[PDB]
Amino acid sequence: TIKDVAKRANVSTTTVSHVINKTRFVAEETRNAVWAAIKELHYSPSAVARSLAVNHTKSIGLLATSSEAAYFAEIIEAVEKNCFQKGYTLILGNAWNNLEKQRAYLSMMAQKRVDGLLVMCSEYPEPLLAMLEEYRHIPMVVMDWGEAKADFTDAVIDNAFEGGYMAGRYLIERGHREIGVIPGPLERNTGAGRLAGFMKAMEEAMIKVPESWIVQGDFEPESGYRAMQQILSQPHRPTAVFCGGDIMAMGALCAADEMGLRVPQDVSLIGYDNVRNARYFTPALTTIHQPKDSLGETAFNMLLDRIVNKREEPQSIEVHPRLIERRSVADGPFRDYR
């Protein structure tokens, strides 16, 4: 079709090309003609052809987990903005924590020749690590580790442990000693990590959390529901609960209300994520905020670099959690005694 233009224009394709990508000087007349031709023929230049030639697709792939989940959803929306803004095309791929799906997506991606890769796999078993190395040649940055698990990628780290610690503290400082926790999957940073930071703060305070008080979530509202329930369903129940993520949080609020328990009057609840609607949870949720957007652009940035500045050495950027006080927490019984 580029020939078709050149022909109408009575110039070479080489010419047509250059004008289109202003990559060398072209006489005005000449320029105009090509533009005209380009217009009547309704010419869209093939990017595949161009990619074939130039050796880069100008498109980047997101090998995610799930994309509906608030947390995830927010990051992705961010990522895209960034790609758009710097002319990159986004390939969204959800592997659902399934190795096969993951080997699958990884391969189409490579074949489609993505310029770089954004990785959000949630859980990372050896096998997954292994596959990843297999594609060390394609530039990449993992956005979900707590510390860097491999030398062949960039990493952005979130300080999930310092956010976890922040949560317990707040609780401690507000009057609490009988507290419960509903963590997310231990095979995850946001899971394991947040829990540990949260547990440290407790040891520091000589607060022991009885095992019947710790109930595993999976980040979904239902787990929030089940757990909150199992927690208060007991003879002896805490006065405060630390919940691994805002959505499960929102689930624990339901159940409490359903048991007829008052928040935060009967139980205070602290969240984690500061998701876009957390303020509209009822009551407005006090949670720890995770810089999602920065989490996004920061990853993009490291990627681009590696891409354009062809960096070869793995980098790792840290980002920081921060408390957001809302209305779901209340003074504990020990407030005045501090």
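Start at 1 with the first residue shown and count on from there.
- A summary of the deposited B-factors shows that, of 208-216 and 175-183, the stretch with the larger mean C-alpha value is 208-216.
- In this entry, 231-239 has the higher mean Cα B-factor, the comparison being between 231-239 and 252-260.
- Each of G116, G244, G224, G163 has a CA temperature factor in the record; the biggest one is found at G163.
- Per the deposited coordinates, the residue with the largest Cα temperature factor out of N21, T15, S328, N10 is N10.
- Among all modelled residues in this chain, the alpha-carbon of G61 has a temperature factor (C-alpha) in the middle third.
- Ranked within its chain, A104 lands in the lowest third, by CA B factor from the PDB record.
- Per the deposited record, the Cα B-factor of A155 falls in the middle third when ranked against the other modelled residues of its chain.
- Sort the modelled residues of the chain by CA B factor and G193 lands in the lowest third.
- For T298, the recorded CA temperature factor ranks within the middle third of the chain's modelled residues.
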